[PDB]
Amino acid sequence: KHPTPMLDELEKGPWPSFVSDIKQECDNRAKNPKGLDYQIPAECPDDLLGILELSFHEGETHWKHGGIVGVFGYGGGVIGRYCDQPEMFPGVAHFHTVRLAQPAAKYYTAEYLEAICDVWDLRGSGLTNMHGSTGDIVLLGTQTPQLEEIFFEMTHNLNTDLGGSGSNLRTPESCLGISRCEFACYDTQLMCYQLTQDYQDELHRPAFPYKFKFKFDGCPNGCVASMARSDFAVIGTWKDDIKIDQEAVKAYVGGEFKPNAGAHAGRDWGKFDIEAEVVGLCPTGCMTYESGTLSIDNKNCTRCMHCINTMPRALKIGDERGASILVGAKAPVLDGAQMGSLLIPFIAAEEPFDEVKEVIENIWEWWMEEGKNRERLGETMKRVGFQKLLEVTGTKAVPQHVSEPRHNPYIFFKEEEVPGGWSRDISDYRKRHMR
């Protein structure tokens, strides 16, 4: 409750206002057109505005620390939360979030989303997040008793499971991949879906030293940002040559086809200049444009995607496709932010994905036993060493594994690699080298 001068300011402006939206739901629940027997207070969203408005005045959150709730059989999936002013805002005394498993790349039908809304209107606040940063559909705010009821309905009537939370595998997500992109090197959605199903047990029951995330990108552009927001990133690529259609190249040069598919049409950058916008920007300088012909020295191409991104009608990805595996990405806490480090330069990416799955399971076998409490894979890599990760995955060290070799000489060697081993008697040495 209930007057909200500060929040009202956020109803001004062009961008869709979350306040105006929350107020619409408050009005809908107060009117109750469908005569629903709300299983939590109809005024739930109203109290959420009110406590939010108070936070705006005090500049301080009003949610108590933590909360541990859930459904039988799972060790995660619900983020419990209790407001710190129960008497002032009874509508949000309990305000739990339920994370629901979403379809890969978030394709939906109205019938399905409406079905979900029907369950949530009856048993929840009527508020959601579409979607949480990891990918889950987020049902924002309900009471403890409704958790099992919501779960029962989702599984029995909507054939939908909960997502993940805690020290386990989290909900995997992918870019839209081959569903609507000509750059996709593999079926990201399919890999995402199959693996999510294959590792349900790891996702619902915390068995890991800490959280673990999967993300699948169809190419280096990183539309789901797997390299920055997942412990195990699978990013598609090709091994053969980029495909060049000279007729299409001439159409770009002539102005018929617009660079970057028209992504820079809101400004006059002048006529397309293939030399300055493509050949001259290639990071490896492996492209050539002569006598009106465009060529690529594929051997020296790092497949960064720039030329393809800029002339998508003329330059296509190769036909010998697969993916790269990069691991260890994580936010700063504790030892510093990390992005995925290249582990497997090229691996098969076709269903049933046995190749990728073997790498995943080998990493888990090691990490589940060696990782310290609350230690992300990336931090275990830092502590134990990249070389250890290569061993455990049976991966041969290659130059591609470094952005630069080490510049410190503190090199460890295996005893068996050193003639004579490490057992030495000081007395013998001292017969050559007196004290």
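The first residue of the shown sequence is 1; numbering continues from there.
Per-stretch averaging of Cα B factors for 221-229 and 293-301 places 293-301 on top.
In this crystal structure, the stretch out of 116-124 and 84-92 whose C-alpha atoms carry the higher mean B factor is 84-92. For residue 257, the recorded CA B-factor ranks within the highest third of the chain. Only modelled residues enter the ranking. In this PDB entry, the Cα temperature factor of residue 15 sits in the middle third of its chain's modelled residues. Per the deposited record, the Cα B-factor of residue 242 falls in the lowest third when ranked against the other modelled residues of its chain. For residue 215, the recorded CA B-factor ranks within the lowest third of the chain. Only modelled residues enter the ranking. Residue 109: CA B factor in the lowest third of modelled residues in this chain (values from the PDB entry).
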